[PDB]
Trainee: 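Got a structure for you, questions after.
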4 protein chains.
Amino acid sequence: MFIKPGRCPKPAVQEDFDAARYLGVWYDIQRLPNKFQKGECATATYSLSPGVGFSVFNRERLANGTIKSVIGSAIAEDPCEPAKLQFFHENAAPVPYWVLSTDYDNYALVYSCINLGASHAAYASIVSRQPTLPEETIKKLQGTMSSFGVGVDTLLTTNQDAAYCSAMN
Amino acid sequence: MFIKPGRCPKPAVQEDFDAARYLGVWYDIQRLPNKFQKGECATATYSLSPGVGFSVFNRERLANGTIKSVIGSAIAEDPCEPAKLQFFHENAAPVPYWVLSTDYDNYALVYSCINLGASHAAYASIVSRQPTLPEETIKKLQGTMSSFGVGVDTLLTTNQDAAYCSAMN
Amino acid sequence: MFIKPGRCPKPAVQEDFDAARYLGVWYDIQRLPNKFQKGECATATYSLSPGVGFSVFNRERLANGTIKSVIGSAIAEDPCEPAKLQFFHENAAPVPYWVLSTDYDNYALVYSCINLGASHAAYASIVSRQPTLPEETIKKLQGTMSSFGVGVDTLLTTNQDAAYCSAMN
Amino acid sequence: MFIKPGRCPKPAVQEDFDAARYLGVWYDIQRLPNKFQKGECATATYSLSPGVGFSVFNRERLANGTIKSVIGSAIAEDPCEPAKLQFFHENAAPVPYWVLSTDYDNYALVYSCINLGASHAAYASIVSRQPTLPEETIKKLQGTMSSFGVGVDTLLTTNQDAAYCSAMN
Ligand SMILES: C=CC1=C(C)/C(=C/c2[nH]c(/C=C3N=C(/C=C4\NC(=O)C(C)=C4C=C)C(C)=C\3CCC(=O)O)c(CCC(=O)O)c2C)NC1=O
Ligand SMILES: C=CC1=C(C)/C(=C/c2[nH]c(/C=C3N=C(/C=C4\NC(=O)C(C)=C4C=C)C(C)=C\3CCC(=O)O)c(CCC(=O)O)c2C)NC1=O
Ligand SMILES: C=CC1=C(C)/C(=C/c2[nH]c(/C=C3N=C(/C=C4\NC(=O)C(C)=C4C=C)C(C)=C\3CCC(=O)O)c(CCC(=O)O)c2C)NC1=O
Ligand SMILES: C=CC1=C(C)/C(=C/c2[nH]c(/C=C3N=C(/C=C4\NC(=O)C(C)=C4C=C)C(C)=C\3CCC(=O)O)c(CCC(=O)O)c2C)NC1=O
């Protein structure tokens, strides 16, 4: 199910989060089933913004081979909680985006949850600075997710194959 | 699906909504599939509150024959929009509850929607002051729902059979 | 003034806050200057409600001798943070109400703050189960307030004189 | 004062608001007394952003001759209400910004309001594509404001004198 029992959890986020080091390209390695990703090879690119926060450009490769993308803006509405962001994507209502853990140069774990009464809808992603990530790191991040009730066996492994994804350039 | 494409619609609500005439017992006649109703024979009872708004007591009959209930509070956070309520149920995050149409003495149409990025999760109910409602009224209210994109063929018809539901008293 | 520089602070709230023990009558002992209290002898009475949360009845004695009162409802929108309440007063927009500290039987310190861009508007009150409170307790609670930036120097001392407030009954 | 009785009004906003035509430089002509503008010669510059919405750069000239400025991002959280924006200024909490009326090439009237219980704090500004605006336009826009309860009598007339504001360049 996309909708799960219980209200949203409140996991810990990355201490001393530094958005400048978080900028650049991230590859989707695993993610919870969701409605927005329609393809494979997903990347997120975060870039400087003349205003506050940073800009967002997400791209994926659809089955027909076309590259589909969305633009957005990311802002931490409380400057004292810089890892707790609101993402504003074109044609979407705002969604939360929490950086739960990152070392900036290899991996990040991101989490988002919206309450639906006594249920909730959550999204989570393990991302990497490369199209792959070591199994040891994946299992560690999955452990973090399990610790607050995420169904890790539901995680999808994103296709990042070099040939299949060549159209991403 | 419980989660549907598009952001929440903004249907018109009942003009000149009068919560005092809305109080009392309502029977669930049809509703969109949802996660909270686990049984049949559902009723909603709205009662006076010493504070602002009104109090909520929802009851249903589970398959095992036990009656399960929840208490809540209903408040219109903007007094100038009295038909646009927030419902606060025990152990639940707040949810919207809009009275789209009612004649107070026979039927009401209620709607609730929460945005999930570019998707949404909606709930809707046709309720009656009696365990049944005339087909003509049902079709009229379904027409209202269709006019803003609700999938009316997905509506569930609640079992309100006198014998099956006798445990509701 | 009423609006001061900086965003609202997030002070710690009462651990294991038990609303049931918080019910009953409280006397205003000191409070920050505000727009709603126009007289003296202020009291807050919190009572059981059939729904969630509790009901609110605040009364004060105006300079002309008239007793003025308001009703409201109090609800903790996040059940896991029971001391962080939203108060809904008749014809008012919702306002936050945080129980920072209480021993239920003698005193409580309440705090509320709303952001106004790079400024904020804050309210705070020391209340007592009696019309007076020990000077030692008061100094203790003022210490808490000044610890997160409240200007305790601006606190008003509420007239609770038994003769002046006799109209309160 | 800055805080006045009653909840925020909901004035009508500019129909078919086109952010692209709203970009560029605006001069503050009149504004309600507020906490953020500490000088004169105020200007707002709105620019393209790679993400959603637009970027904000506000500048003014303090009495000591120093130019003070702030950066921010503007986003319409509901794409169907493009004139109802949220402004995120550096180190400030989010604030509403509603374009009530503009012809893009000459004037705009902006409004913002935040509820404080049964009171409110409002901001409003008349801006112009030039350092001055025709008296007729000004009276027109004041009429709009007074029509929903703004105290136009309290409006400050911003010093845009070319010599006094020369440091703005
Ligand atoms: C996103 C929207 C959304 C809404 C609107 C919603 C309402 C809501 N209905 C609830 C229970 C309930 N609600 C009902 C019945 C009704 N409820 C009604 O709103 C009406 C009109 C009827 C009947 C006429 C009953 C019978 C229960 C108790 C369910 C049970 O405990 O078995 C609960 C309690 C939590 C739970 O048991 O899951 C919530 C939060 N929840 C949501 O996520
Ligand atoms: C309830 C939570 C919730 C979240 C978090 C959410 C994010 C989000 N991701 C989007 C697109 C996208 N998002 C991604 C990828 C990513 N996105 C990421 O947050 C990360 C970490 C990656 C990859 C590493 C891509 C590739 C698209 C474009 C999808 C497409 O247009 O095909 C959109 C655009 C609207 C849409 O296309 O449906 C939203 C709102 N939506 C939600 O409802
Ligand atoms: C920004 C924060 C903020 C808060 C917290 C707030 C509370 C609040 N207190 C109110 C009335 C009142 N409140 C009080 C007293 C109390 N109230 C208390 O919270 C406590 C602890 C006491 C006393 C112990 C009384 C006596 C009234 C009625 C005042 C009157 O009608 O004369 C009202 C009614 C609207 C009004 O008359 O202005 C609100 C919204 N308003 C705000 O804007
Ligand atoms: C409750 C409502 C509310 C609003 C709208 C608001 C806007 C706002 N304007 C700001 C600065 C500023 N805003 C302006 C000017 C403008 N600003 C405008 O919205 C327009 C139309 C002009 C001029 C045409 C300038 C010049 C600064 C920098 C002030 C300075 O740093 O000295 C800031 C920075 C924080 C601060 O310095 O206080 C905020 C939050 N703040 C609020 O509390």
Side-chain angles (χ1 to χ4, degrees), chain A residues 5 115-119, chain B residues 26-28 31 34-39 42-44 58-60 62 68-70 72 87 89-93 95-97 108 110 112-114 121-123 125 127, chain C residues 5 26-28 31 34-39 42-44 58-60 62 68-70 72 87 89-93 95-97 108 110 112-119 121-123 125 127 158, chain D residues 5 26-28 31 34-39 42-44 58-60 62 68-70 72 87 89-93 95-97 108 110 112-119 121-123 125 127 158:
Chain A
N115 284 307
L116 298 170
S119 303
Chain B
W26 290 99
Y27 297 85
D28 193 42
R31 87 272 184 186
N34 62 77
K35 304 280 51 260
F36 52 90
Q37 285 179 254
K38 304 282 168 42
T43 61
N58 295 344
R59 312 167 73 225
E60 68 176 342
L62 300 182
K68 188 160 155 32
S69 60
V70 64
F87 271 43
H89 304 82
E90 191 161 22
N91 302 326
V95 300
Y97 177 112
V110 304
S112 179
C113 188
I114 289 169
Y123 164 75
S125 177
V127 294
Chain C
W26 292 96
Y27 296 85
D28 190 70
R31 83 271 189 183
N34 63 72
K35 296 293 191 172
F36 50 94
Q37 280 175 256
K38 288 147 185 164
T43 197
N58 297 338
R59 311 165 76 225
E60 63 171 351
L62 300 177
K68 209 180 150 201
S69 63
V70 66
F87 269 47
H89 300 86
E90 195 171 7
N91 300 318
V95 297
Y97 180 106
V110 302
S112 182
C113 186
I114 292 169
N115 282 311
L116 302 169
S119 304
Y123 168 73
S125 180
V127 296
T158 302
Chain D
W26 292 96
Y27 296 85
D28 190 70
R31 83 271 189 183
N34 63 72
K35 296 293 191 172
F36 50 94
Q37 280 175 256
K38 288 147 185 164
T43 197
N58 297 338
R59 311 165 76 225
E60 63 171 351
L62 300 177
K68 209 180 150 201
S69 63
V70 66
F87 269 47
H89 300 86
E90 195 171 7
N91 300 318
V95 297
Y97 180 106
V110 302
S112 182
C113 186
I114 292 169
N115 282 311
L116 302 169
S119 304
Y123 168 73
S125 180
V127 296
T158 302

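In the text below, chain A, chain B and the rest are named by the order of the sequence lines, each starting its count at 1. Just follow the structure's listing: the first ligand is 1, and inside any ligand the first atom is 1. Heavy atoms only: backbone and side chains are in, while hydrogens, waters and symmetry mates are out.
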Trainee: On a heavy-atom basis, which atom in D:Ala93 and which in C:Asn115 lie closest, and how many Å separate them?
Mentor: CB-CB, 3.5 Å
Trainee: Show me which atoms of ligand 3 lie under 4.0 Å from any heavy atom of D:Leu116.
Mentor: 43 (O)
Trainee: How close does the nearest protein non-hydrogen atom get to atom 42 (C) of ligand 3, and which residue and atom is it?
Mentor: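 Minimum-distance protein heavy atom for atom 42 (C) of ligand 3 reads C:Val95 CG1, 3.7 Å.
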Trainee: For atom 30 (C) of ligand 3, which candidate among C:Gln37, C:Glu60, C:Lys35 holds the nearest heavy atom?
Mentor: C:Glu60
Trainee: Show which atoms of ligand 1 fall inside a sub-4.0 Å distance from at least one heavy-atom site of B:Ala92.
Mentor: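 That gives atoms 40 (C) of ligand 1.
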Trainee: So between B:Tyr27, B:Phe36, B:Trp26, B:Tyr97, whose heavy atom ends up nearest atom 37 (O) of ligand 1?
Mentor: B:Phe36
Trainee: What protein heavy atom is closest to atom 35 (C) of ligand 1, reported as residue, atom name and distance in Å?
Mentor: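 Here the nearest protein heavy atom works out to A:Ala118 CB, 3.3 Å.
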Trainee: If you have a sec, work out which protein heavy atom is nearest atom 28 (C) of ligand 1 and how many Å separate them, to one decimal?
Mentor: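 I find the closest protein heavy atom is B:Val70 CG1, 3.9 Å.
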Trainee: Output the list of atoms in ligand 1 that are nearer than 4.0 Å to some heavy atom of B:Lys68, sorted by atom number.
Mentor: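 Under 4.0 Å from B:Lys68, ligand 1 has these atoms: 30 (C), 31 (O), 32 (O).
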Trainee: Could you tell me, atom by atom, which parts of ligand 3 come under 4.0 Å of a heavy atom of C:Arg59?
Mentor: 26 (C)
Trainee: Show me which atoms of ligand 1 lie under 4.0 Å from any heavy atom of B:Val110.
Mentor: 21 (C)
Trainee: With heavy atoms of B:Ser112 as the reference, note each atom of ligand 1 found under 4.0 Å away.
Mentor: 2 (C), 5 (C)
Trainee: On the 0 to 90° scale, with breaks at 30° and 60°, tag the D:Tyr123-D:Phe36 ring pair as parallel, tilted or perpendicular.
Mentor: perpendicular
Trainee: Quick test: of every protein heavy atom, which one is nearest to atom 20 (C) of ligand 1, and how far off is it to 0.1 Å?
Mentor: B:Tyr123 OH, 3.2 Å
Trainee: List the closest protein heavy-atom neighbour of atom 24 (C) of ligand 3: residue, atom name, distance to the nearest 0.1 Å.
Mentor: C:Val127 CG1, 3.5 Å
Trainee: Heavy-atom contacts under 4.0 Å between B:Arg31 and ligand 1: side chain, backbone, both, or neither?
Mentor: neither
Trainee: Minimum distance, heavy atoms only, to atom 17 (N) of ligand 3: which one of C:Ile114, C:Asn91, C:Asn58 is it?
Mentor: C:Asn58
Trainee: Tell me the protein heavy atom at minimum distance from atom 34 (C) of ligand 1, and give that distance in Å.
Mentor: B:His89 CB, 4.0 Å
